[PDB]
Amino acid sequence: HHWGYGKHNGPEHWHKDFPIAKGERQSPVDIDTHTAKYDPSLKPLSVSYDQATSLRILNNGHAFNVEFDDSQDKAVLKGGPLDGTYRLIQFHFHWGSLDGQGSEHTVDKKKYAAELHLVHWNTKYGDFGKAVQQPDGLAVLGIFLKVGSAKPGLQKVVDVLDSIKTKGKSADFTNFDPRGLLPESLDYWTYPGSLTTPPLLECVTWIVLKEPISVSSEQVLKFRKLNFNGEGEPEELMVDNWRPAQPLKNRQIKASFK
Ligand SMILES: NS(=O)(=O)c1cc2c(s1)S(=O)(=O)N(c1cccc(O)c1)C(CN1CCOCC1)=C2
Ligand SMILES: [Hg+2]
Ligand SMILES: [Zn+2]
């Protein structure tokens with residue numbers, strides 16, 4: 001009928017409509033810290049989120065997304081393993097029904113409670129739709145969320161979820177500052193991969209941050225109260241919207257730290 005994360009249309013079934021699911025550079029993967037190569041030539045990451053304009057938040061039946069105005073270079077990502085400027089277009093989360101699962105990427109087989117993806121596209125390509133047609137079209141900055149203390153920067157997002165409860169609802173979400181979702185250190189691992197949901201396009205340079213952010217259980221708890229279904233349909237709680245780790249194949253994960 002259409003992809004989802006349940007018994008009948010979950011990740012295991014995705015390959016039927018999206019053949020690329022069994023490709024060479026699929027994500028997410030398991031980061032084995034003892035095999036990752038320290039690379040002294042990688043540049044430090046440069047995140048310029050000082051003029052970001054958030055527009056709205058919407059429930060799309062797969063997760064919730066905060067969209068930004070990417071008409072010009074207001075919020076960008078440069079440095080690290082990248083070439084050229086990438087524009088912030090949207091961020092979303094993946095989470096679980098329990099605190100010991102939720103993240104897509106794992107560290108030494110360790111699963112975190114949730115995972116934040118800040119999606120950017122390569123400006124040299126003109127618009128998002130063109131960028132998705134290239135090997136170095138996307139750069140997704142991933143951050144792990146660990147349950148502990150509350151993150152002030154996340155509360156604004158948490159407070160508005162009630163107005164976008166079911167599939168297809170949206171609420172205006174202006175003046176949100178993304179810099180509030182960053183950890184202290186910008187150290188990372190990097191590898192060539194893909195989107196973690198259909199169409200599963202292999203156009204992503206993944207930059208996973210080493211240091212996770214803290215989020216209270218009450219904050220994550222509100223994520224689990226969202227709905228996969230639209231208004232009027234039977235209720236199905238939005239939880240465990242994450243894809244299992246894929247085989248690394250012939251790839252190498254470089255670390256920007258020792
Ligand atoms: N989890 S993830 O980081 O690996 C991403 C999954 C998707 C990302 S990133 S996305 O931002 O690139 N894109 C997306 C999602 C919501 C809004 C938007 O403008 C784009 C879609 C749906 N998208 C339709 C057009 O072709 C590519 C895929 C899925
Ligand atoms: Hg691509
Ligand atoms: Zn994602």
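The basis for the numbers below is simple: all heavy atoms, side chains too, and nothing from hydrogens, waters or symmetry mates. Remember, it's 1-based here, ligands and their atoms both numbered in the order they're listed. Here, residue 1 is the first one in the sequence, and each next residue gets the next number.
Tested against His92 for a side-chain contact (heavy atoms from CB on, under 4.5 Å), the candidates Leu116, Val119, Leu118, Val66 yield a single pass: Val119. Across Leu141, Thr190, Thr196, a single residue satisfies side-chain contact (heavy atoms from CB on, under 4.5 Å) together with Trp206, and that is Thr196.
Nearest protein heavy-atom contact of atom 19 (O) of ligand 1 is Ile89 CD1, 4.1 Å. Among protein heavy atoms, atom 12 (O) of ligand 1 sits closest to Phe128 CZ, 3.1 Å. Among all protein heavy atoms, the one lying closest to atom 8 (C) of ligand 1 is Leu195 CD2, 3.9 Å. For atom 4 (O) of ligand 1, the nearest non-hydrogen atom of the protein is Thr196 N, 2.9 Å.
Considering each of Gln90, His92, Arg243, the one bringing a non-hydrogen atom nearest atom 18 (C) of ligand 1 is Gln90.
Salt-bridge formation is not detected for the pair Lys110/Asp32: no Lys NZ or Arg NE/NH1/NH2 atom is positioned less than 4.0 Å from an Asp or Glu carboxylate oxygen. Comment: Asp127 engages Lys130 in a salt bridge, judged by a side-chain N to carboxylate O separation of less than 4.0 angstrom. The existence of a salt bridge linking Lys165 and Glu231 is excluded, since no basic side-chain nitrogen approaches an acidic carboxylate oxygen closer than 4.0 Å. Between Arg179 and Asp177 there is a salt bridge, with a side-chain nitrogen of the basic residue lying less than 4.0 Å from a carboxylate oxygen of the acidic one. Ionic pairing of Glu202 and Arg25 is not present here: no N-O contact between side-chain nitrogen and carboxylate oxygen is shorter than 4.0 angstrom.
Classification of the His117-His94 ring pair by plane angle, with boundaries at 30° and 60°, yields tilted.
At least one donor-acceptor pair under 3.5 Å links the side chain of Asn9 to the backbone N or O of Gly6.
Only the side chain of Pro199 comes within 4.0 Å of ligand 1, judged by heavy-atom distances. Residue contacts with ligand 1 for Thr197 involve side-chain atoms from C-beta outward but no N, CA, C or O (heavy atoms, distance under 4.0 Å).
For ligand 1, the atoms lying closer than 4.0 Å to a non-hydrogen atom of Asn65 are 15 (C), 16 (C). Here is the list of ligand 1 atoms found below 4.0 Å of a heavy atom in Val119: 9 (S), 11 (O). Atoms of ligand 1 lying under 4.0 Å from at least one heavy atom of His94, given by number and element, are 1 (N).
By the 6.0 Å contact criterion, CD on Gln134 is enclosed, its count of non-hydrogen atoms from other residues, nucleotides or ligands being greater than 12.
Protein non-hydrogen atoms do not reach within 4.0 Å of atom 23 (N) of ligand 1. Checking atom 14 (C) of ligand 1 against the protein gives a heavy-atom contact under 4.0 Å.
Looking at ligand 1, you'll find an N or O of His117 within less than 3.5 Å of one of its N or O atoms.
Side chain to side chain, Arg243 and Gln26 meet the donor-acceptor criterion of an N or O pair below 3.5 Å.
For the Zn ion (ligand 3), the nearby protein N/O/S atoms, meaning those under 2.8 Å, are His92 NE2, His94 NE2, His117 ND1.
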Next item on the list: Show your reasoning for whether ring pair (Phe, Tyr, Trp, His ring centres under 6.0 Å) applies to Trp242 and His105.
Entry: CA-CA 9 Å; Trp242 52 272; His105 288 100; over 10 Å; no
